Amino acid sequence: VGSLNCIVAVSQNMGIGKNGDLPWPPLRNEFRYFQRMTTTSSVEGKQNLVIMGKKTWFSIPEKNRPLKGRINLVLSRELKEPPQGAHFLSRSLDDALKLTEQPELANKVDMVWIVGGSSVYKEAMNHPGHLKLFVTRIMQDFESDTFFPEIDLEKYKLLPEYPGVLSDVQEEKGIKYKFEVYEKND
């Protein structure tokens, strides 16, 4: 394993989802950023693993599942096999992270990316160890029914810079947004 990361886009009121989709209209360059960050692996011959909950998997349009060029793992205690198109299934986050140590993954996985939803983020964010959060701040309030867990700034430090992460305010479809990276080591 090459490390543990969360990536999310969040409104000003901490919203991430509404009725099975994002709260805001599609931001193409935000999606392009998500796909680049999650897919890009520096270790030759390895790929990244994306871990997501069951509702997040079904929120991706079927033509775009699995997320291409990544190993897709879904968390569910109800499902008996990965949902159709997905690669692995785990009943907990610890199980998923143990799975990466097993022979079928131990030499394949470079970065692990938690791509949502809320319960997955909350647990990962309180997981010991070095962890980065890649947060897109959507700089407006949007009505939401799913929210990002609190970021404890006593442990997570906002970085001044990060390679491959544009620093400046961005705007698509009249909506301003900014890419941030946070890091903890505990």
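C-alpha atoms forming the largest set that superposes within 1.5 Å between two forms make up the rigid core. In case it trips you up, residue 1 is the first one in the sequence shown, and so on.
Task: Stretch departing more from the displayed form, 102-110 or 72-80, Cα RMS in 7 other deposited structures of this protein (core fit) - done: Between the two stretches, 102-110 moves farther in 7 other deposited structures of this protein.
Open item on the list: Averaging CA B factors per stretch from the PDB record, which one is higher: 40-48 or 63-71?
Closed with: The stretch with the larger average C-alpha B-factor is 40-48.
TODO: Look up the CA B-factors in the entry and say which stretch, 164-172 or 8-16, has the higher mean.
DONE: On average, C-alpha B-factors are higher across 164-172.
Task: From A86, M111, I114, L97, residue of greatest CA B-factor - done: The record points to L97.
TODO: Could you look up the Cα B-factor of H127 in the entry and say which third of the chain it sits in: lowest, middle or highest?
DONE: For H127, the deposited C-alpha B-factor lands in the highest third.
TODO: Could you say whether, by C-alpha temperature factor, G53 belongs to the lowest, middle or highest third of its chain?
DONE: Lowest third.
Open item on the list: Can you tell me whether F142 has a C-alpha B-factor in the lowest, middle or highest third compared with the other modelled residues of the same chain?
Closed with: Its C-alpha B-factor belongs to the highest third of this chain's values.
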